[PDB]
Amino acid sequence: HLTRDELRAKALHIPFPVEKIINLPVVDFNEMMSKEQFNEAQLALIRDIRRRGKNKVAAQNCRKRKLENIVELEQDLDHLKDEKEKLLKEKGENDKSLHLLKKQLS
C-alpha cells in the first residue's frame, strides 16, 4: 500500500510521486517547482520529503565510509609493518656490507 509520505503528499494534493520528489536532480526539481502554485503547507511538505529522503542516504553512506576507513587503516598498518621489515632487512644487509669493508681495511 501507500507509505506514510505518499499518503501525506496526496492528502495535500501534491501531484508528484514521492520517488520523483526525492530523486529528481536539482535542476529538474527547480523548473518543475516553478510551474506550480503551491501554498506554504504544500511547499514545506515537499521540501521535508526531499530533505529526509536525501539525508537518510547521506547517513547510510556516512556509516559505510566509517567501516571502509577502518579497513583502510588496518591495510595501512599491514603495509607499514611490511615496509618497516623491508627497510630493516635493507639496513641489515647494508650494515653487514659496511662492517666487512671496514674490517678488511682494519
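From 1 onward, residues are counted along the sequence shown.
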Worksheet item: So 78-86 or 5-13, which one's hotter by mean CA B-factor in the entry?
Response: 78-86
Practice prompt. Would you tell me which stretch averages the higher CA B-factor in the PDB entry, 18-26 or 87-95?
Written response: 87-95
Discussion item. Using only modelled residues of the chain, where does the Cα B factor of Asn69 rank: lowest third, middle third or highest third?
Written reply: middle
Practice prompt. Looking at the entry's B-factor column for C-alpha atoms only, identify whether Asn61 ranks in the lowest, middle or highest third of its chain.
Written response: middle
Fill in: B-factor third for the C-alpha atom of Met32 within its chain
highest
